[PDB]
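J.: Below is a structure I'd like to ask you about.
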Ligand SMILES: [Mn+2]
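Numbering (the deposited numbering), first residue to last: 237 to 734, 751 to 994, 1119 to 1885, 1897 to 1999.
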């Protein structure tokens, strides 16, 4: 290994030198160097070819390095810190302090006192009262089927006790009894009472922080709290007096105690330190978690969990709790051991150590020994303990207690260890009640970061809007602050008044374990069995080779934890019912000042109630103008940025033009509501991931693994690996020039080409993987093009690339690191059964290796692998689909609350994206500054001119320009991110996006920026992460844990290869069943039946879930109608876009893309929900049960799922609306009729039953019903941003143009703009949306396809036909579209309009039917085993059966393979109808005009085909023509005339029909027959030949559309 490891050997020399050149080796940097060289030695020994001598040398080097690390120890500062809980009686405290001052001679006792939080207990009690009352109100209102006895009794007791406020104890005891009653409530109700209470309290805390923002205060005190209370609840003077009395009493108590102890021990010996004098308290990243802890705490008599951390970090020394006692000395413990005849029960039993410690306390402080509480102790033990105390009371006060070791290892915090004799055995655990550390310790930083992360995870309940409520997770000691358990603890404490911990000893132990693991090799002695070891604690008692532990000479001297005043000891006595309580009536809450919990509109009558007269008379007019727009913005289901910008800008201006305080508060409430709305409306994300690899690392295994994982996560994901060749080329030139400063070209080119070709070939067979060259999609005038041209090399270039590719239209998730899809809940549940929560993250790489690839390793049990193979890969991983981002259009990965640029999730196509434009402009400005600095020609005035007319000028401050000029003079060539950092003082452009937004969104943007300092997530941060880093498997979200809260797996619905319907023939399904649908609905009692069939999804993938969920969002008739119209419009647009292959305007295209992305995300989410029993209750189909649900259990919405389809049942108003996406909806008076109709509809009709998936199946066991426990669950699951599909009627370009009444003059004639757009008027390759100016009129062009469709749909007047012919003649047909022959364009008179319309309708119907017929023929022809080539060559067709359309088709395959069976009754039945109506025409006064026209069209199409004279498709079309001819011959040739032509017979029949009944119908029939008799028109044959020659080859469509176009040609 001396060759490969040679260079690293050089490295080790240098690290040794770094060890040698250390002024202070006892420092962090030296230890870092030590771990670096230890890891290098690890790398050396990991090589397989290592001799035994090298192993021994490495081992002794490791031992020496470990000894050197362990020798570097720090002597802690001589301080002792104790936190004074406001509610602490000094008589029980002072003694302990004296003890700690009599043994620790050279130590100063600092009592940390928070003067401004003396009254905070009452404030949090009032907040808790309000939150619980709100939770009770919402529970009662959300479950109106029954009244709750808990709520009734609770309101009863509160209201009754209002009479006697002085009876607090009477109230608290009755509340304990109330909790005893509450324990018997239903478990789902308990879960809702646990989620609500917590969410409401977090909301109230956030409201208080918002008030702190609006008052512009910097530090929070009691006066601020009292003013907030008076502004949120009516406060009388009595409660203010109570608050002040508590504050004064606390001040007097603390001053008296400190004065007494200072009189005894001296001035400087014991002192008071103010809590507010800590830098960490006001630190922004601590997020004011100290204030939040004051509210979310259940350990009342205990001290704060976060203050001790700050104190240890900023001061160092020893932190102790009040009731800790110094450990017993060696001599005293030895003597008590020998004086009790060897009975160790005295040194283990808690109830006895309590009495002994009480006696020692009384002796040390010269108090009466005989007064020791001796209860629950027998007389014999009492007497022996009495003699014990009398014997110890002779020993020198000095030799009664011991001290501890104040020399601790550098950057380590010892933690006391506690041993307890429970009845079940020995309980050993670490305690945060006694810590050692030193100032500037770094493990304290890790613990503080962990505490902040824990509070973030706790707040995740309210942060995540679409977060589930009902997870019945069992108690598992999860690292997650499991929200349900914490809410339960909080409710229990609020009700009764007296385990799990957010930031207790458990979290501290976890964080120290993680940090010591991160330390590396040298920490191996601080971790044992992947857990905290015995050397990370103090007080560890080694066992004496037996069951019990020897109490003489412990490994480390501890602290007497057991004391008569332990928090869990005296609490049997103190009732604590007055120190921390404030009973305030909540019914008088002022809802208008609470935007978090109540969304209110501008009620102009009551809004200006507390405003002063002058502010009213100045600003009321402007507010009244704002009223309607602001209410519209709030009530909208989408966010339009123009109105938001206008409203917010003018609200901010109004705020700036005011000096009041109440009106300022109301306007700030409006801004808060706006910001919350911005937070709520999330937009979907496209199923696209774009990885920008760094093509220089030695291994690409991570890239392949990431691509495989994202391919396996979902079968529709699109993956784009964007690499740039110019960037690599310029990097090569830069390396060669740097080498030249102080041959390989072919090697480098081969290396890059080989890597790119290898990644291309590994995923060659997958179409979803696209290897892209970035310098092939960017415009030449773009900033990136200039960056490549100049030779930009700086490492941030790729980040810029990402931003550019988002502005180019490439949406999705852009990333550089090799992301992996997050593991689903199923994989985690599988892994949990054989692993703990801390090993799952370690074993996940092996599981992913087994899922994506097929490798297995012995490090994982076989049963795990077998369980993993039983599930599909897409059921174990989370795909990119189903995600959502902020409406501002960009989200970023988070790292401890700071958003970074590892992952950029950029909205969805078609949605508004302001950040795109902002970053585009910013990148341009940075480029301009960079280029002007490149030549050194930048000065202050130029810098001002560059950024004018730009938002980035908001960063133009004097210090920023000064720094920019200084850095420009120091080094002219700086990367764009360096320019950004100089200009703004921000780390990343992601941080600058919000500041750029504030320009156009002032006030709201500033508010959202200010909320980041107060616990609220950044608005541009993704919360739920579906990705994990490949090297550490940590989610990239803000407040998520991938292990304990992994997302549920989504069920994927897979359908058969053959599609029963395609887009062309889909309307057949609606047409043939609509009438029977209506008849069934009307016969089952329906009174309102509406038909709005959908055409968005013609296949059953997703079981039409998406659409159904949309119909489930509506709660009102009006919203339902608006949604129905919008959906019909989008469906028509879809048919126009893809069935006809017609271009659309930009607005319509964006609307279609928005609706489609929303539908796909909704379908994914719905399919995920229905399969997970924790969220929606699923029941088998039973009419009585469902009626009981809809009548008794208060269920208002339900999803009825068949195997292949989904129906929606609602309870709008007082009627039950059953919605079928393919058939519209029906309205029923009672649920039972709706259920009967659903049963009949899905059961009776055979084609319906087969298509829905219920053929030959019992409907009582294959139809499921999914419903919610409470209606609010739907409000929690369904997204709020509908893209306006439910509130506002989206308008297509045609509707907008139809409103304009000004005509446009083209080619000398004037026609309306709507008609000009209809005929396909395009400017430079884009359909017009506005009246063209006179200059652009010559540039207009006519789209051939749109004009052809318009002609085939419209019955023009002769004058209009002349106008269109003239316009086409003077403008021409746009190149690449369908050429149109002017002879085709004609017009009809008034009397022949109905006939022409019916003919066009029949043409469409025949197109749709023949499409299905030809698909059937292709399917029948493809299942025939065919050898090499396409020589099927149908020998002979013959019509066999007359009633079912049986055609015997001999196939002359050459191998005598003959399939004489096919069922095509659509062709035969029309001719049967025509013949039977012709024969009985003299005896029937009925004439079917539509049937005649359809038959005429079919025979004309067959004539064109056969006159025109070798794969499956064209052969099947020729076969179809043959069967049309044969059926006509069979039905119209009554006698066997050899000289029989179908056209002549059909024409003669039409002529006889026309001559039997006169009129315009007869004239039209005669004209059709006349056309049939004569030879085909020259122009007709010309257009047919032109199509079949050039147009079919030009188009890439399948063959069905070409056949439909030909039959349309025939009908025209
Ligand atoms: Mn305690």
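We treat Cβ as the ideally placed atom computed from N, Cα and C, and that holds for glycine.
Could you check which residue in 1143, 1585, 697 has the C-alpha nearest to that of residue 723?
T.: Start at 1 with the first residue of the chain shown, and residue 723 comes out as number 487. The candidate whose alpha carbon is nearest that of residue 723 is 697.
J.: Could you give the uninterrupted runs of the alpha helix (DSSP H) lying entirely in the stretch 943-986, keeping only those of 4 residues or more?
T.: DSSP assignment within the stretch 943-986 yields the following whole alpha helix (DSSP H) runs of 4 residues or more, N-terminal first: 953-965.
J.: Comparing the CB of residue 485 with every heavy atom of ligand 1, is any distance shorter than 6 Å?
T.: To locate residue 485, count along the chain shown from 1; it is residue 249. Residue 485 Cβ: outside cutoff for every heavy atom of ligand 1.
J.: From residue 1068 to residue 762, what does the alpha carbon distance come to, in whole angstroms?
T.: For residue 1068, nothing is modelled; it lies in the interval where the chain passes from 994 to 1119 with no residues in between.
J.: Within a Cβ cutoff of 6 Å, which residues of the same chain sit near residue 1816, ignoring the five residues on either side of it in sequence?
T.: Taking the first residue of the chain shown as position 1, residue 1816 is located at position 1440. Cβ within range, chain order: 1822, 1824.
J.: In whole angstroms, what is the alpha-carbon distance linking residue 397 and residue 410?
T.: Position 161 of the chain shown, counting from 1, holds the residue named residue 397. Position 174 of the chain shown, counting from 1, holds the residue named residue 410. If I take the Cα positions, the gap works out to 10 Å.
J.: Considering only heavy atoms of ligand 1, list every residue whose Cβ is less than 7 Å from one of them, following chain order.
T.: 538, 557, 559, 669, 818, 819, 820
J.: Output the boundary residues of the alpha helix (DSSP H) element that contains residue 764.
T.: Counted from its first residue, the chain shown places residue 764 at position 512. Under the DSSP assignment, residue 764 falls in the alpha helix (DSSP H) whose first and last residues are 757-771.
J.: By alpha-carbon positions, which one of 1478, 807, 606 ends up nearest to residue 622?
T.: Here residue 622 is taken as the residue at index 386 of the chain shown, counted from 1. Of the candidates 1478, 807, 606, the one whose C-alpha sits nearest the C-alpha of residue 622 is 606.
J.: What residues in its chain sit with their C-beta under 8 Å from that of residue 291, if we drop five residues either side in the sequence?
T.: The sequence position of residue 291 within the chain shown is 55, counting from 1. So the list reads 281, once near-sequence residues are dropped.
J.: With a CB to CB cut of under 7 Å and the five nearest residues on each side skipped, what residues in its chain are close to residue 1785?
T.: Here residue 1785 refers to the residue found at position 1409 of the chain shown. These residues qualify, in order along the chain: 1444, 1842.
J.: Can you find at least 3 beta carbon pairs, one from the stretch 1215-1231 and one from the stretch 1264-1272, that sit closer than 8 Å?
T.: no
J.: Here's a check: name, in chain order, each residue in its chain whose Cβ is nearer than 7 Å to the Cβ of residue 1790, leaving out the five neighbours to either side.
T.: To locate residue 1790, count along the chain shown from 1; it is residue 1414. Contacts found: 1903, 1904, 1907, 1987, 1990.
J.: With DSSP run on the structure shown, which of helix, strand or coil describes residue 1951?
T.: For the purposes of this step, residue 1951 is taken as the residue at position 1564 of the chain shown. In the structure shown, residue 1951 sits in a helix (DSSP, three-state: H, G or I).
J.: If you pair each beta-carbon of the stretch 1479-1490 with each one of the stretch 1682-1692, do three or more pairs fall below 8 Å?
T.: no
J.: Run through DSSP, which three-state label would residue 1419 get?
T.: Translated into positions along the chain shown, residue 1419 becomes position 1043. Coil, per DSSP.
J.: Tell me the rounded alpha-carbon separation between residue 829 and residue 486.
T.: Walking along the chain shown from the start, residue 829 turns up at place 577. Walking along the chain shown from the start, residue 486 turns up at place 250. Looking at the two C-alpha atoms, the distance is approximately 16 Å.
J.: Could you give the DSSP three-state label for residue 1814: helix, strand or coil?
T.: One-based indexing of the chain shown puts residue 1814 at position 1438. Of the three classes helix, strand and coil, the one that applies to residue 1814 here is strand, per DSSP.
J.: Do the stretch 1591-1610 and the stretch 1647-1655 make contact, defined as three or more Cβ pairs closer than 8 Å?
T.: no
J.: Hey, which unbroken runs of the beta strand (DSSP E) at 3 residues or more fall wholly within the stretch 276-344?
T.: 309-311, 315-319
J.: What are the complete alpha helix (DSSP H) segments, minimum 4 residues, inside the stretch 660-725?
T.: 679-699
J.: Mind checking which residues open and close the beta strand (DSSP E) that includes residue 643?
T.: Within the chain shown, the letter at position 407 stands for residue 643. From DSSP, the beta strand (DSSP E) with residue 643 extends over 643-645.
J.: Please confirm if the stretch 1398-1411 is in contact with the stretch 1351-1368, defined as three or more CB-CB distances below 8 Å between the two stretches.
T.: no
J.: Ends of the alpha helix (DSSP H) at residue 498?
T.: What you label residue 498 is simply residue 262 of the chain shown in a count that begins at 1. Where residue 498 is concerned, the enclosing alpha helix (DSSP H) stretches over 473-501.
J.: If contacts are defined as beta-carbon pairs under 8 Å, then residue 1383 and residue 924 qualify, I think. What distance do you get, rounded to the angstrom?
T.: Here residue 1383 refers to the residue found at position 1007 of the chain shown. Here residue 924 refers to the residue found at position 672 of the chain shown. About 7 Å; that satisfies the 8 Å criterion.
J.: Using only alpha-carbon positions, find the residue among 1138, 238, 340, 1627 that is nearest to residue 1475.
T.: What you label residue 1475 is simply residue 1099 of the chain shown in a count that begins at 1. Comparing Cα positions, the closest option is 1627.
J.: Is residue 1720 closer than 7 Å to residue 1749 when the C-beta atoms are compared?
T.: The sequence position of residue 1749 within the chain shown is 1373, counting from 1. The sequence position of residue 1720 within the chain shown is 1344, counting from 1. Contact: yes.
J.: Pick from 1580, 1322, 385, 1379: whose alpha carbon is nearest that of residue 1630?
T.: Taking the chain shown and counting its residues from 1, the one referred to as residue 1630 is at position 1254. Measuring from the Cα of residue 1630, the nearest candidate turns out to be 1580.
J.: Can you name, in chain order, every residue of its own chain whose Cβ lies under 6 Å from the Cβ of residue 1360, other than the five neighbours on each side?
T.: To locate residue 1360, count along the chain shown from 1; it is residue 984. Only 1331, 1368 meet the Cβ criterion.
J.: Compare the C-alpha of residue 912 against each of 873, 938, 862, 890 and name the closest.
T.: Numbered from 1 along the chain shown, position 660 holds the residue referred to as residue 912. That would be 862, whose Cα lies nearest to the Cα of residue 912.
J.: Go ahead and pull the three-state DSSP assignment for residue 1892.
T.: For the chain, the structure lists 1885 followed at once by 1897, and that leaves residue 1892 out of the model.
J.: For the putative contact between residue 1548 and residue 1424, defined by C-beta atoms under 8 Å, what is the C-beta separation to the nearest angstrom?
T.: Position 1172 of the chain shown holds residue 1548. Position 1048 of the chain shown holds residue 1424. Going by Cβ atoms, the distance from residue 1548 to residue 1424 rounds to 5 Å, so yes, they are a contact pair.
J.: Runs of 3 residues minimum, wholly inside the stretch 1818-1883: which ones carry the beta strand (DSSP E) assignment?
T.: 1822-1827
J.: When the Cα of residue 778 is compared with those of 302, 1441, 1706, which residue comes out closest?
T.: In the chain shown, the residue the question calls residue 778 occupies position 526. Residue 778 has its Cα closest to that of 302, out of 302, 1441, 1706.
J.: For residue 863, name the three-state secondary structure that DSSP assigns.
T.: For the purposes of this step, residue 863 is taken as the residue at position 611 of the chain shown. DSSP places residue 863 in coil when its eight states are reduced to three.
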